[PDB]
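Peer 1: Below is the sequence, then the experimental coordinates.
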Amino acid sequence: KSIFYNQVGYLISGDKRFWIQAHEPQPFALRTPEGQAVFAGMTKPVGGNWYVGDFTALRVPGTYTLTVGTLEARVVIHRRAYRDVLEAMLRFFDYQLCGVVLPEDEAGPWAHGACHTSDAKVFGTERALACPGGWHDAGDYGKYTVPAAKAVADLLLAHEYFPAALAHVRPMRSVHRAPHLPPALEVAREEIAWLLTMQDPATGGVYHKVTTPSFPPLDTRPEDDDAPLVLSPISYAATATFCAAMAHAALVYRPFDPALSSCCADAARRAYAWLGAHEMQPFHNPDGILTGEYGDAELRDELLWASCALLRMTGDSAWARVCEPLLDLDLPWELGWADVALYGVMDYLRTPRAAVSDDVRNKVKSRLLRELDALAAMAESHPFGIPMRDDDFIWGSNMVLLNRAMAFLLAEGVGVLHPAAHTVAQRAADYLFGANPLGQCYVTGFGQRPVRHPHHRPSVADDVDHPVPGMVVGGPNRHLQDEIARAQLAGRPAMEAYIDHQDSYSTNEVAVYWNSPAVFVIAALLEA
Ligand SMILES: OC[C@H]1O[C@@H](O[C@H]2[C@H](O)[C@@H](O)[C@@H](O)O[C@@H]2CO)[C@H](O)[C@@H](O)[C@@H]1O
Ligand SMILES: OC[C@H]1O[C@@H](O)[C@H](O)[C@@H](O)[C@@H]1O
Ligand SMILES: [Ca+2]
Ligand SMILES: [Co+2]
Ligand SMILES: [Co+2]
Ligand SMILES: [Zn+2]
């Protein structure tokens with residue numbers, strides 16, 4: 001029995017909460033580390049078993065001891081409590097880099113040499129192609145276009161919204177070209193570069209992924225991974241999402257790397273050429289390939305987002321004719337990796353008003369506000385104030401939560417100022433850092449119960465106990481979709497369906513598109 005809390009810390013001027021299982025109010029206090037009480041209040045019921053205690057009113061920085069009943073926690077208040085973790089979460093992208101010596105001076109004990117430096121064969125052909133660079137997608141060493149788009153979109157958004165917060169963190173600066181860009185753009189460029197090499201010049205279509213034919217053992221170092229590299233065929237989802245991320249890149253990078261911006265801009269346009277000339281054909285792994293499929297039956301949300309990004313890239317009202325039908329559909333307005341419409345909503349909402357119907361705009365904004373209300377209701381009745389239900393705890397549930405925090409915060413950039421927006425962000429951070437039923441901090445390297453054994457091949461195959469730090473784990477998943485979860489977790493409530501085990505890929509993997517919205521949400525809070 002113990003206190004559950006934000007194990008990274010709290011912002012001075014931010015919202016401060018802890019939890020305990022109780023059956024009644026209890027008083028609590030916080031004292032300076034060497035004795036003297038600074039704050040007292042009473043816990044209050046929040047649902048099921050849970051009592052919370054709020055100490056937002058404590059604005060003096062420090063490490064404090066929090067006592068309730070006979071229990072004690074060490075809680076930290078600081079002006080920028082999350083600067084470190086945010087830096088870690090950004091640096092994870094640099095740790096995921098493919099085909100570049102990650103030097104000890106930047107990597108520390110998790111340094112390594114270039115991996116996957118060979119060419120890839122276009123599936124069922126004798127053509128080689130170089131697709132070097134970018135990120136290992138997750139626990140494996142694949143690089144997959146579709147999930148890659150979310151990660152790039154997320155980080156460019158983080159820059160566009162929270163450049164101040166991001167300014168105070170440092171990526172692995174010496175592995176990136178000079179001149180150095182603002183951290184998010186600097187990390188992002190690596191993946192943008194790789195993605196450019198996935199577009200077939202013949203057609204403008206984009207290859208769905210480059211992977212070996214199957215996963216190596218968990219105990220494979222990146223540099224030891226010898227298996228040949230295969231490009232799975234061009235896919236509509238790959239092409240559409242590529243188009244969306246490049247169009248966005250064209251905008252954000254224009255003042256920073258104009259050669260890149262222009263080039264992305266035209267990459268985006270050629271992909272949209274492709275989309276028009278081809279059928280919305282879901283991707284399926286071809287025979288022989290057994291690595292992540294990243295499939296999707298519904299491809300209209302992807303068209304939405306490509307269209308809306310080209311709308312916002314050009315500024316040309318022409319594009320409004322294609323977007324506004326797509327915006328009218330009953331697609332779910334989510335932030336990826338498969339259901340990507342909400343990225344299109346923002347691109348459209350953040351296109352200048354001259355180019356789009358004020359009428360549609362307001363309907364879009366109306367629907368947006370109604371969706372946030374739904375999420376707020378979920379938060380209202382959840383004991384930890386997060387906008388989730390038990391059925392929402394699926395593979396990557398931390399991304400689900402974070403994508404939803406992210407929704408409120410992006411909405412503030414488009415005059416949809418929901419009153420729950422900043423309470424929900426704080427809560428999502430709290431949870432992610434250990435304010436949950438397992439008391440589990442879901443980022444490697446932080447808090448008092450950090451993630452120790454991630455399903456991450458580098459963390460497994462190096463012989464360093466501590467895993468690469470800064471990695472956000474998928475989180476609890478009630479579907480029990482690996483043999484280890486089935487073993488230990490059958491019968492546990494949804495939020496407890498998580499095990500810190502290296503074989504639990506359905507609950508304990510890491511992914512560039514799980515870190516990406518985390519970066520955005522934490523970034524948002526730092527900018528307090
Ligand atoms: O389709 C199952 C889940 O896949 C998840 O992405 C995987 C990917 O498929 C693997 O190849 C590897 O890269 O690990 C990833 C994360 O565990 C995806 O995020 C889930 O939503 C899917 O349900
Ligand atoms: O099905 C997906 C999973 O399969 C496992 O064999 C791999 O180790 C994981 O990295 C992968 O995500
Ligand atoms: Ca889709
Ligand atoms: Co290790
Ligand atoms: Co070994
Ligand atoms: Zn690699």
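Peer 2: Great, that's in hand. Numbers count the residues shown, from 1 in each chain. Ligands and ions are numbered 1, 2, ... in the order given.

Peer 1: Helix or strand for residue 18, just tell me which one.
Peer 2: According to DSSP states H and E, residue 18 maps onto strand 17-21.

Peer 1: which helices and strands does the top helix by length along the chain pack with?
Peer 2: Ranked by residue count under DSSP state H, the longest helix found in the chain is helix 358-381. Packed against helix 358-381 by the contact rule (3 or more Cβ pairs under 8 Å, 6 or more residues apart in numbering; DSSP states H and E) you find helix 320-328, helix 341-349, helix 397-411, helix 421-432. In short, each C-beta sits where N, CA and C put it, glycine included.

Peer 1: Could you report the neighbour count for whichever residue of the stretch 301-450 of the chain sits closest to ligand 4?
Peer 2: Proximity of the stretch 301-450 of the chain to ligand 4 (Cβ to the ion) peaks at residue 444, 10.2 Å away. By the criterion of other Cβ atoms under 10 Å, residue 444 has 25 neighbours.

Peer 1: where's it relative to ligand 1, distance?
Peer 2: Residue 444 is 15 Å from ligand 1, where distance means Cβ to the nearest ligand atom, to the nearest Å.

Peer 1: Point me to the residue of the stretch 151-300 of the chain nearest ligand 6.
Peer 2: In the stretch 151-300 of the chain, the residue that lies nearest ligand 6 is residue 222 (5.0 Å; Cβ to the ion).

Peer 1: Can you give me the neighbour number for that residue?
Peer 2: Neighbours of residue 222 (other Cβ under 10 Å): 22.

Peer 1: Skipping adjacent residues, who's closest to it in space?
Peer 2: Leaving aside its chain neighbours, residue 222 sits nearest to residue 115 (3.8 Å; criterion: Cβ to Cβ, 6 or more residues apart in numbering).

Peer 1: contacting residues for that neighbour?
Peer 2: For residue 115, the contact set (Cβ atoms under 8 Å, 6 or more residues apart in numbering) comprises 98, 99, 141, 221, 222, 223, 225.

Peer 1: Residues of the stretch 251-400 of the chain that sit close to ligand 2?
Peer 2: The stretch 251-400 of the chain comes close to ligand 2 at residues residue 292, as judged by Cβ under 6 Å from any ligand atom.

Peer 1: please redo it, this time with the cut-off set to 8 Å
Peer 2: Selection of the stretch 251-400 of the chain residues close to ligand 2 by Cβ under 8 Å from any ligand atom yields 291, 292.

Peer 1: and if you look at the chain?
Peer 2: Taking Cβ under 8 Å from any ligand atom as the measure of proximity, the chain contacts ligand 2 at 138-140, 215, 218, 291-292, 455, 457, 482, 503, 505, 509.

Peer 1: repeat that for 6 Å
Peer 2: 139, 140, 215, 292, 505, 509.

Peer 1: Filter the contacts of residue 115 down to the buried ones, ChimeraX style.
Peer 2: Here is the ChimeraX command that selects the buried residues among the contacts of residue 115 (16 or more other Cβ atoms under 10 Å):
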select :98,99,141,221,222,225
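
Peer 1: Reformat the contacts of residue 115 as CSV; add secondary structure.
Peer 2: Shown next, in CSV, are the contacts of residue 115 (DSSP: H, G, I helix; E, B strand; the rest coil):
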residue, secondary structure
98, coil
99, coil
141, coil
221, coil
222, coil
223, coil
225, coil
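
Peer 1: Out of the contacts of residue 115, which is nearest to ligand 2?
Peer 2: residue 141 (9.1 Å; Cβ to the nearest ligand atom).

Peer 1: Kindly provide the distance from the closest one to residue 421.
Peer 2: 37 Å (Cβ to Cβ, to the nearest Å).

Peer 1: ditto for residue 434
Peer 2: Relative to residue 421, residue 434 is positioned 22 Å away (Cβ to Cβ).

Peer 1: In terms of neighbours, single out the busier of those two.
Peer 2: Set side by side, residue 434 and residue 421 show more neighbours around residue 434, with 24 against 21, by other Cβ under 10 Å.

Peer 1: going on from the strand holding residue 18, what's the next piece of helix or strand?
Peer 2: Once the chain leaves strand 17-21, the next helix or strand it forms, by DSSP H and E, is strand 27-31.

Peer 1: What residues of that following strand count as buried?
Peer 2: Using 16+ other Cβ under 10 Å as the test for burial, strand 27-31 gives 28, 29, 30, 31.

Peer 1: and the third one, what does it touch?
Peer 2: Pointing back at residue 30 there. For residue 30, the contacting residues are 37, 38, 39, 55, 58, 64, 65, 66, 67, 75, by Cβ under 8 Å, 6+ apart.

Peer 1: Give me the buried subset of the residues you listed.
Peer 2: 39, 55, 58, 64, 65, 66, 67, 75.

Peer 1: isn't the second one right up against residue 39?
Peer 2: Pointing back at residue 55 there. Yes. Counting by Cβ atoms under 8 Å, residue 55 touches residue 39, with 5.3 Å between them.

Peer 1: Please work out how many residues are found near the residue in the stretch 251-400 of the chain that ligand 1 sits nearest to.
Peer 2: The stretch 251-400 of the chain approaches ligand 1 most closely through residue 292 (2.3 Å), counting by Cβ to the nearest ligand atom. If you count neighbours by other Cβ under 10 Å, residue 292 ends up with 19.

Peer 1: which SS class is residue 330?
Peer 2: Secondary structure, three-state DSSP: residue 330 is coil.

Peer 1: So it versus residue 33, what's the distance?
Peer 2: 55 Å.

Peer 1: neighbour count winner among the two?
Peer 2: More neighbours surround residue 33 than the other of residue 330 and residue 33, with 10 against 5 (other Cβ under 10 Å).

Peer 1: Name the nearest residue to the more buried one, sequence neighbours excluded.
Peer 2: Leaving aside its sequence neighbours, residue 33 sits nearest to residue 63 (Cβ to Cβ, 6+ apart; 5.3 Å).
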